[PDB]
K.L.:
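Shown below is the structure under consideration.
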Amino acid sequence: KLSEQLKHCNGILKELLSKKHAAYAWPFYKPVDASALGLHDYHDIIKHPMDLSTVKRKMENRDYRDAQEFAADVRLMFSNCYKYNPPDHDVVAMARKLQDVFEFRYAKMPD
Amino acid sequence: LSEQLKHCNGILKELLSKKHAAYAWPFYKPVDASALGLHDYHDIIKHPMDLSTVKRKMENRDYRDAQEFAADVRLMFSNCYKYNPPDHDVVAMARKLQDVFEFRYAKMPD
Amino acid sequence: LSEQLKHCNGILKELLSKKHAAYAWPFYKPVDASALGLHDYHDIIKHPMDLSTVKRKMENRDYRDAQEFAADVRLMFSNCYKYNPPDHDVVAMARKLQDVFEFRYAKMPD
Amino acid sequence: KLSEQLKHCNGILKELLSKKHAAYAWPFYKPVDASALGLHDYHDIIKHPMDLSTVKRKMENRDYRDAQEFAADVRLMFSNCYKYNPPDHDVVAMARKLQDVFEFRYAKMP
Ligand SMILES: Cc1cc(F)cc(C)c1Oc1ccc(C(C)(C)O)cc1-c1cn(C)c(=O)c2cc(-c3cnc(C4CCC4)[nH]3)oc12
Ligand SMILES: Cc1cc(F)cc(C)c1Oc1ccc(C(C)(C)O)cc1-c1cn(C)c(=O)c2cc(-c3cnc(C4CCC4)[nH]3)oc12
Ligand SMILES: Cc1cc(F)cc(C)c1Oc1ccc(C(C)(C)O)cc1-c1cn(C)c(=O)c2cc(-c3cnc(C4CCC4)[nH]3)oc12
Ligand SMILES: Cc1cc(F)cc(C)c1Oc1ccc(C(C)(C)O)cc1-c1cn(C)c(=O)c2cc(-c3cnc(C4CCC4)[nH]3)oc12
């Protein structure tokens, strides 16, 4: 019970979670564990946390109304990363590699 | 807020600055499809977008908020990804410039 | 019809041609408030328009009919009359170019 | 019973009918007398005749919804003239002078 756009979004999600991107996808698979890392300010700066398993949860529950909502969550995840972090951190470069995969596949969606 | 649109204007200035010219130049003006020999560009890309258009819209005060500004900038990158195969030089350049944009846009005070 | 929009494209080419360049040049690109130092231009003119914007809209296929094209050209001329006093050179130039546009637009098929 | 905008339009119409502009307004005071002029094809080419007396009556009867509808009638009158005539005819030059008065005053509307 998915539209053809959201079927394509599910394909993108599946692509993002696949083995070939794991080397740069892994920091986004589960929520950032800010307390464990001692990032005391993380939740003061990031008011809407997002991660790939949350997106998956939402997709499996049929919560996305259209492709634009799916895209907004995925971009939120990357934006949180860029917002919180300095430009030289490993995680920013990993975000950028994964976002290239996302944006490119998202732009090839059918009309 | 005008303060949000002011910071979007700073972002736009950054994207147009000389330091990024090596990967930003293809996005300064609309794709000249007939010069390039692209008979199908306007068939495939229904809503073209480029930095000069975003400039004009910013100077005209056409953007209600930062979200509209970002939607045009991302429309520009998406058009590029949509039209092109992944190995084309312009795609590599789009990705370099989008990294500048996304990083700066995420640091916007809100 | 595409034949009416094709005729509109012909008018646009006529307005951009060298023959009219002595009076058309202020309308080629958007009014550059900065270069002119006009802090109130975008306060008074809410919807700027110019010939390159019209051209980009034509290339992008944003015009649904000839009336929409005409509306933009007339908006361009109206902004100029609105902002300026009657004895400024730009108003005389606007009027000469509008005479070309209105005449050619009146000769459209159907 | 007239809005601020239509009140301004009524002011415009008064100006177009005033003695000041009579030397180039007179051919538009009343319909083109095609029998008298010997124009057997005028009503084939011009499907919607329009003159300043028509606009006056519509204004008096409150048949204008808005200023845009008013503008459309006045512009129809000028377009009919440009449509039927070659560019060197005296009536075209008279139409152009009167249209300059109209377009300028219309652009100064509240
Ligand atoms: C801390 C860290 C060191 C590295 F060398 C590489 C990465 C990816 C890295 O990031 C993470 C590692 C593990 C985990 C957990 C514990 C949840 O599995 C999360 C991250 C991590 C994920 N995301 C999305 C982030 O935005 C950030 C940010 C940080 C981070 C940690 N310390 C900082 C410093 C930089 C100034 C604050 N940022 O760590 C992560
Ligand atoms: C065509 C091309 C060859 C290169 F080697 C490098 C670039 C950047 C490049 O792209 C452009 C070069 C010039 C111009 C001008 C200045 C004429 O408007 C535009 C582009 C260009 C900009 N943008 C945003 C694009 O999306 C594309 C896409 C293309 C393009 C041209 N030919 C293709 C092939 C690839 C499949 C069809 N894609 O060219 C551009
Ligand atoms: C300023 C000016 C002096 C001249 F002698 C002739 C022209 C055309 C002229 O107008 C322009 C010159 C350059 C440019 C550039 C290329 C920078 O965008 C624009 C104009 C111009 C174009 N259009 C369409 C306009 O409506 C106006 C209006 C003005 C203008 C500048 N200063 C005024 C004074 C009078 C009201 C305040 N009006 O300038 C332009
Ligand atoms: C025919 C003519 C000769 C001139 F030397 C000057 C004018 C204004 C002029 O136009 C008119 C003169 C009188 C009248 C009367 C009062 C009889 O209704 C009408 C016109 C006239 C008004 N308007 C709005 C027009 O569009 C046209 C068009 C013409 C016209 C007459 N013959 C032509 C042919 C000649 C090649 C085109 N056009 O005449 C008028």
Side-chain angles (χ1 to χ4, degrees), chain B residues 29-30 42 46-50 52-63 72, chain C residues 1-17 20-21 23-33 41-42 44-84 90-91 93-110, chain D residues 66-76 78-79 82-83 96 99-100 102-109:
Chain B
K29 298 299 206 289
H42 297 281
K46 304 291 180 194
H47 304 294
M49 186 55 53
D50 69 282
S52 72
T53 303
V54 176
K55 231 296 178 195
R56 288 164 178 201
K57 290 178 64 168
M58 189 72 83
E59 287 168 330
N60 296 354
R61 308 180 198 167
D62 287 347
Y63 293 121
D72 273 353
Chain C
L1 263 157
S2 203
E3 210 208 330
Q4 293 207 144
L5 285 171
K6 177 169 126 64
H7 193 260
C8 291
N9 200 60
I11 293 164
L12 183 56
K13 287 179 165 183
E14 174 69 25
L15 296 177
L16 296 169
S17 75
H20 307 296
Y23 42 90
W25 68 257
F27 309 100
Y28 287 158
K29 302 285 195 267
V31 176
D32 191 342
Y41 185 84
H42 293 286
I44 296 166
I45 306 305
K46 287 279 155 60
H47 300 299
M49 186 53 59
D50 66 282
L51 293 175
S52 82
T53 299
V54 171
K55 178 160 205 209
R56 291 165 174 193
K57 286 175 69 169
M58 193 72 75
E59 281 167 352
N60 296 354
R61 304 160 195 181
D62 297 338
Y63 290 117
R64 72 204 151 184
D65 53 50
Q67 283 72 220
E68 194 184 330
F69 166 88
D72 274 350
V73 174
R74 284 172 178 156
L75 176 63
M76 177 185 85
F77 294 123
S78 294
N79 290 337
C80 179
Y81 308 136
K82 181 163 161 69
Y83 185 77
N84 297 292
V90 76
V91 173
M93 294 159 92
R95 288 163 172 169
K96 286 184 201 193
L97 194 63
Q98 186 158 28
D99 293 338
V100 178
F101 163 74
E102 294 293 344
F103 192 81
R104 291 306 322 156
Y105 186 66
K107 304 293 184 189
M108 195 171 283
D110 311 357
Chain D
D66 46 49
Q68 284 77 225
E69 191 179 326
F70 171 85
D73 275 348
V74 174
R75 282 175 186 150
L76 175 61
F78 294 128
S79 305
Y82 308 136
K83 187 197 235 77
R96 287 168 176 171
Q99 184 156 31
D100 294 342
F102 165 72
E103 295 293 344
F104 195 77
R105 292 283 313 258
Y106 185 70
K108 305 294 187 185
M109 191 165 62

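Every heavy atom of this structure was used, including side-chain atoms; hydrogens, water molecules and symmetry mates were not. Convention: sequence-line order gives letters A, B, ...; per-chain numbering from 1.
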K.L.:
For C/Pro26 and C/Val90, which heavy atoms make the closest approach, and how far apart are they?
P.N.:
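Heavy-atom minimum between the residues: CB-CG2, 3.9 Å.
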
K.L.:
Are the side chain of D/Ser79 and the backbone of D/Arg75 linked by a donor-acceptor contact shorter than 3.5 Å?
P.N.:
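Yes; at least one donor-acceptor contact below 3.5 Å.
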
K.L.:
Kindly indicate, with the supporting measurements, whether the criterion side-chain contact (heavy atoms from CB on, under 4.5 Å) is fulfilled by C/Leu51 and C/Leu16.
P.N.:
CA-CA 8 Å; C/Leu51 293 175; C/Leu16 296 169; 3.9 Å; yes

K.L.:
Can you measure from CG (C/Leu15) to OH (C/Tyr28) and round to the nearest 0.5 angstrom?
P.N.:
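So the gap between those two atoms works out to 9.5 Å.
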
K.L.:
Using a 6.0 Å cut-off, check whether atom CD of C/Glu3 has over 12 heavy atoms from anything other than its own residue.
P.N.:
no

K.L.:
Do you know which two heavy atoms are closest between C/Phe77 and C/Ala94, and how far apart they sit?
P.N.:
CE2-O, 3.3 Å

K.L.:
Output the distance between atom NE2 (C/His47) and atom CG (C/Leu75), rounded to the nearest 0.5 Å.
P.N.:
8.0 Å

K.L.:
Give, for atom CG of C/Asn79 and atom CE of C/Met49, the distance between the pair rounded to the nearest 0.5 Å.
P.N.:
8.0 Å

K.L.:
Working to the nearest 0.5 Å, report the span between CG of B/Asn60 and NZ of B/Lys55.
P.N.:
10.5 Å

K.L.:
Work out which heavy atom in D/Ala71 is nearest to a heavy atom in D/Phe102; give both atom names and the distance.
P.N.:
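Smallest interatomic distance, heavy atoms only, reads CA-CZ, 3.9 Å.
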
K.L.:
Provide the closest heavy-atom pair for C/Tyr23 versus C/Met93 in the form atom of the first, atom of the second, distance.
P.N.:
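Smallest interatomic distance, heavy atoms only, reads O-CB, 3.6 Å.
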
K.L.:
What are the two closest non-hydrogen atoms of B/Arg56 and C/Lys29, and how far apart are they?
P.N.:
NH2-CD, 3.9 Å

K.L.:
Working to the nearest 0.5 Å, report the span between CZ of C/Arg104 and NE2 of C/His7.
P.N.:
5.0 Å

K.L.:
For the residue pair C/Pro109 and C/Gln4, what are the closest heavy atoms and their distance?
P.N.:
O-OE1, 2.9 Å

K.L.:
For C/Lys96, is the NZ atom crowded, meaning more than 12 foreign heavy atoms sit under 6.0 Å from it?
P.N.:
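Open.
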
K.L.:
Output the distance between atom CZ (C/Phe103) and atom CD (C/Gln98), rounded to the nearest 0.5 Å.
P.N.:
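Answer for the CZ-CD pair, C/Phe103 versus C/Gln98, is 14.5 Å.
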
K.L.:
Is the ring pair C/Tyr63/C/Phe69 parallel, tilted or perpendicular, if the boundaries are 30 and 60 degrees?
P.N.:
perpendicular

K.L.:
Report the C-alpha separation of C/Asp99 and D/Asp100 in whole Å, then their side-chain angles, then the decisive distance to 0.1 Å, and conclude whether the side-chain contact (heavy atoms from CB on, under 4.5 Å) test is met.
P.N.:
CA-CA 9 Å; C/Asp99 293 338; D/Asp100 294 342; 4.1 Å; yes

K.L.:
Does some side-chain heavy atom of C/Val100 sit less than 4.5 Å from a side-chain heavy atom of C/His20?
P.N.:
yes

K.L.:
Between the main-chain N or O of C/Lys82 and the side-chain N or O of D/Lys108, is there a donor-acceptor pair closer than 3.5 Å?
P.N.:
yes

K.L.:
Under a 3.5 Å distance rule, please check whether C/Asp50 uses its side chain to pair with a backbone N or O of C/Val31 as donor and acceptor.
P.N.:
no

